[PDB]
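Everything on this sheet refers to the single structure shown next.
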Amino acid sequence: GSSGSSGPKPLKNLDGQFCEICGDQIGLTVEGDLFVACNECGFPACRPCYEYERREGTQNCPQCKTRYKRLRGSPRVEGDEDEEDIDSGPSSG
Ligand SMILES: [Zn+2]
Ligand SMILES: [Zn+2]
């Protein structure tokens with residue numbers, strides 16, 4: 001049996017920064033700032049979670065599926081940005 005944190009009033013926690021994909025707590029970037037994979041929607045994805053999505057993934061946020069961007073520890077991939085095309089018709093979302 002447990003509750004969460006010691007003492008009465010809870011301590012800074014369960015904010016959300018904690019990645020959702022795997023769970024691990026989204027640490028800090030190579031510089032120090034908070035590592036926020038996706039900001040547009042706000043999908044909590046650690047470092048080893050964002051890169052992949054672009055490495056082997058599809059390069060589209062699994063929450064909003066928006067255009068990505070070369071991060072600190074994320075080398076460019078084949079599908080970062082494309083040019084306007086005659087492909088219209090939003091099948092899903
Ligand atoms: Zn993760
Ligand atoms: Zn997103």
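For the structure tokens, the naming scheme is as follows: chains receive sequential letters (A, B, ...) according to their order of presentation, residues are indexed from 1 within each chain, and ligands are indexed from 1 in presentation order.
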Q: List all protein, DNA and RNA residues that have any atom at most 6 Å from ligand 2, counting only C-alpha atoms and all ligand atoms, and write the list as a ChimeraX atom specification.
A: /A:38,40-43,61,63-64
Q: Using only C-alpha atoms and all ligand atoms, determine which residues fall within 9 Å of ligand 1, then list them as JSON, numbers by chain.
A: {"A": [18, 19, 20, 21, 22, 23, 24, 25, 26, 44, 45, 46, 47, 48, 49, 50]}
Give me the residues near residue 70 (chain A) as a PDB file with C-alpha atoms, in the first residue's frame, where near means some atom within 12 Å (using only C-alpha atoms) and where sequence neighbours in that chain fewer than 5 positions away do not count.
ATOM      1  CA  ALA A  37      10.086  16.680 -28.171  1.00  0.00           C
ATOM      2  CA  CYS A  38       6.882  18.291 -29.439  1.00  0.00           C
ATOM      3  CA  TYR A  50      11.813  11.558 -30.470  1.00  0.00           C
ATOM      4  CA  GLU A  51      14.899  10.677 -32.510  1.00  0.00           C
ATOM      5  CA  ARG A  54      12.435  10.025 -37.184  1.00  0.00           C
ATOM      6  CA  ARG A  55      15.119   7.342 -37.432  1.00  0.00           C
ATOM      7  CA  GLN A  59       8.872  11.412 -38.509  1.00  0.00           C
ATOM      8  CA  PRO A  75      20.429  14.104 -36.874  1.00  0.00           C
ATOM      9  CA  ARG A  76      18.518  15.035 -40.028  1.00  0.00           C
ATOM     10  CA  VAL A  77      16.547  12.208 -41.639  1.00  0.00           C
ATOM     11  CA  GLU A  78      14.917  11.286 -44.949  1.00  0.00           C
ATOM     12  CA  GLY A  79      11.622  13.132 -44.607  1.00  0.00           C
ATOM     13  CA  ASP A  80      12.160  16.285 -42.562  1.00  0.00           C
ATOM     14  CA  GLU A  81      10.588  18.690 -45.056  1.00  0.00           C
TER      15      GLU A  81
END
Q | Top pick for closest residue to residue 36 (chain A), considering A:68, A:12, A:57, A:92 and counting only C-alpha atoms | A | A:68
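Taking CA of residue 74 (chain A) as the reference point, CA of residue 91 (chain A) is found at 29.4 Å.
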Q. Among chain A, which ones does DSSP place in helix (DSSP H, G or I), written as an MDAnalysis selection string?
A. chainID A and resid 47:55
Q: Per DSSP on the backbone, filter region 16-82 of chain A down to the residues in strand (DSSP E or B) and report them as a PyMOL selection string.
A: chain A and resi 18+25+28+34+60+67
The selected residues should be written to file as a PDB file, in the first residue's frame (atoms: N, CA and C atoms).
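Below is the file that was written, again-v2.pdb:
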ATOM      1  N   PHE A  18       7.238  13.986 -17.717  1.00  0.00           N
ATOM      2  CA  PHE A  18       7.516  12.559 -17.827  1.00  0.00           C
ATOM      3  C   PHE A  18       7.008  12.006 -19.155  1.00  0.00           C
ATOM      4  N   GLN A  25      11.373   9.748 -17.210  1.00  0.00           N
ATOM      5  CA  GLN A  25      11.228  11.182 -16.991  1.00  0.00           C
ATOM      6  C   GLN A  25      12.106  11.971 -17.957  1.00  0.00           C
ATOM      7  N   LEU A  28      16.945  16.586 -19.154  1.00  0.00           N
ATOM      8  CA  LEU A  28      17.242  17.891 -19.733  1.00  0.00           C
ATOM      9  C   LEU A  28      18.030  17.744 -21.031  1.00  0.00           C
ATOM     10  N   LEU A  34      14.681  22.234 -20.644  1.00  0.00           N
ATOM     11  CA  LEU A  34      13.805  21.067 -20.669  1.00  0.00           C
ATOM     12  C   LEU A  34      13.667  20.519 -22.085  1.00  0.00           C
ATOM     13  N   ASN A  60       6.652  11.766 -37.599  1.00  0.00           N
ATOM     14  CA  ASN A  60       5.416  12.497 -37.351  1.00  0.00           C
ATOM     15  C   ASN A  60       4.884  12.208 -35.950  1.00  0.00           C
ATOM     16  N   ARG A  67       4.854  18.434 -38.465  1.00  0.00           N
ATOM     17  CA  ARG A  67       6.218  18.490 -38.978  1.00  0.00           C
ATOM     18  C   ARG A  67       7.226  18.583 -37.836  1.00  0.00           C
TER      19      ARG A  67
END
